[PDB]
Amino acid sequence: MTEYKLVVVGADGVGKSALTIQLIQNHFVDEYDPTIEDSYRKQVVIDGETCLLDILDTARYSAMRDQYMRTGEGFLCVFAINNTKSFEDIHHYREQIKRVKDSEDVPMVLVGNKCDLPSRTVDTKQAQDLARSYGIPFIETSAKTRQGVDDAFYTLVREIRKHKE
Ligand SMILES: Nc1nc2c(ncn2[C@@H]2O[C@H](COP(=O)(O)OP(=O)(O)O)[C@@H](O)[C@H]2O)c(=O)[nH]1
Ligand SMILES: [Mg+2]
């Protein structure tokens, strides 16, 4: 039973918790304490392959945190489409991941969340441009409506598979 270790990173309030819960528990969480960091596991079938997702929802001493940075195989870098600052913060996250992994080639997906909202300040092109700049996928999601939620997580799994060959 093959296991994939994922880490969800990004600025506070982007929807890291909501996304993880939406994937795992299949519901939208209205309020989840921002200070809580925890791991969640689920057995899933991705592209005909049954596997175990092991995801850390970051809030940012914890040995669990340390282990996931060390052993985690792929990172969701999350911003919100209505939060310019959060998009601006993305590069910070990437540099942290690069350092921890000691590698330019770490499996990652840029996720633009809250795309159910009209109040959009980060346009598709901007995020695609950044994604292409890093050579990673960009995926637009809504935790509230489930739009692209499995896609974001499954894409990252596919990024990991590439790295493993
Ligand atoms: N409209 C909308 N609200 C969202 C979405 N994702 C999260 N939220 C809300 O944004 C707030 C912060 O989300 P949370 O998951 O706690 O973000 P975190 O701090 O990054 O873990 C909460 O009020 C969530 O219900 C989404 O896709 N659409
Ligand atoms: Mg949270």
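Please read every residue number as a count from 1 along the shown chain.
Recorded method for this deposit: X-ray crystallography, 1.8 Å.
Here the Cβ of each residue, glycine as well, is placed from N, Cα and C on the backbone.
Swiss-Prot lists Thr35 with the feature (Microbial infection) O-linked (Glc) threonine, giving experimental evidence as the kind of evidence. For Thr35 ((Microbial infection) O-linked (Glc) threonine), the same-chain residues that are 6 or more apart in sequence and have a Cβ closer than 8 Å to its Cβ are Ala59.
The Cβ of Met1 (N-acetylmethionine) lies under 8 Å from the Cβ of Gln43, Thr50, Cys51, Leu52, each of which sits 6+ residues away along the same chain. As annotated by Swiss-Prot, N-acetylmethionine applies to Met1, with the evidence given as experimental evidence.
Every protein chain shown contributes to the tally, and the Cβ of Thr2 (N-acetylthreonine) ends up with 11 other Cβ atoms within 10 Å. If you look up Swiss-Prot, you'll see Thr2 marked as N-acetylthreonine.
A sphere of 10 angstroms centred on the C-beta of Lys101 (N6-acetyllysine) encloses 17 other C-beta atoms. Here Swiss-Prot flags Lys101 as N6-acetyllysine, drawing on experimental evidence.
The annotation motif 'Effector region' is assigned in Swiss-Prot to 32-40.
Listed as Cβ neighbours of the motif 'Effector region' (32-40) (distance under 8 Å, sequence separation of 6 or more from its ends, same chain) are residues 12-13, 17-18, 20-21, 24, 53-60, 62, 64-65, 68. Looking at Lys101 (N6-acetyllysine) and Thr2 (N-acetylthreonine), their Cα atoms lie 21 Å from each other.
No coordinates are deposited for the 3 residues that fall between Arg60 and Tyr61. The C-alpha atoms bordering this gap are 10 Å apart. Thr2 (N-acetylthreonine) falls within a strand segment according to DSSP. In the motif 'Effector region' (32-40), the DSSP tally of helix, strand and coil residues is 0 helix, 3 strand, 6 coil.
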